[PDB]
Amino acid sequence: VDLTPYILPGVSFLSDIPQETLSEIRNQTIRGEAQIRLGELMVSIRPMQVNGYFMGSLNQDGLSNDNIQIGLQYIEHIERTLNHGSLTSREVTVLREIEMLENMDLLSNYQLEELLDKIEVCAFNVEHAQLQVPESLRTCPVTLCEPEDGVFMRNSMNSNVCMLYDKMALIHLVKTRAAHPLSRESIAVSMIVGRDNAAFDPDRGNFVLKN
């Protein structure tokens, strides 16, 4: 497809293109990619990850700054003319990035320092703690090893049962905003507990919170 016909001098937009021509651009992209000619410059339109939006690239090599910028402007125009809401692909990406934020992704920033501080406070030297329990409760569910510095974490928001994790692993889970490996809930301060707040219960076969 060529759009040189619709070019205009001294400005960064093209003339009123007829819809059927744009539909053919959308078809050529929907196949794979659409190669548009402007002046005698190549631009490649590919369909974006979101349905109905299109993204342009400039197949260029060693061209003049003027040509680069003008080309980019024409891509912006083509993108706006093709896309829903007259958006550029960049704007589309920003909006989609906003959409793709998840529960607690923004509110974790405020809770983080408190949470890390609580981990830091609650962490203990495992071998000094002289835990009389079976090997399985000595090993972290993330590292699959006995940690040197260990931290007790509850199985869920309201669980009376906690497990021993590697401090570094807990720090990694919190810093990556990862879900609790069992409950899949967001990890929160109240889940973290100090060595003296939990005891091994032989009949339940688990560390239980103190009464």
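So that there is no doubt, residue numbering starts at 1 and follows the sequence shown.
When the mean C-alpha temperature factors of 50 to 58 and 167 to 175 are read from the deposited coordinates, 50 to 58 comes out higher. The PDB entry reports B-factors from which the mean C-alpha value can be compared for 68 to 76 and 114 to 122; the larger average falls on 68 to 76. Taking the deposited Cα B-factors for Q28, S183, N158, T143, the highest one is held by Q28. Across the residues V11, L22, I187, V193, the deposited record lists the maximum Cα B factor for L22. When the CA B factors of the chain's modelled residues are split into thirds, the value for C162 lands in the middle one. In this PDB entry, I45 carries a Cα temperature factor that places it within the middle third of its chain's modelled residues. Among the modelled residues of its chain, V208 has a C-alpha B-factor that falls in the lowest third, as given in the PDB entry.
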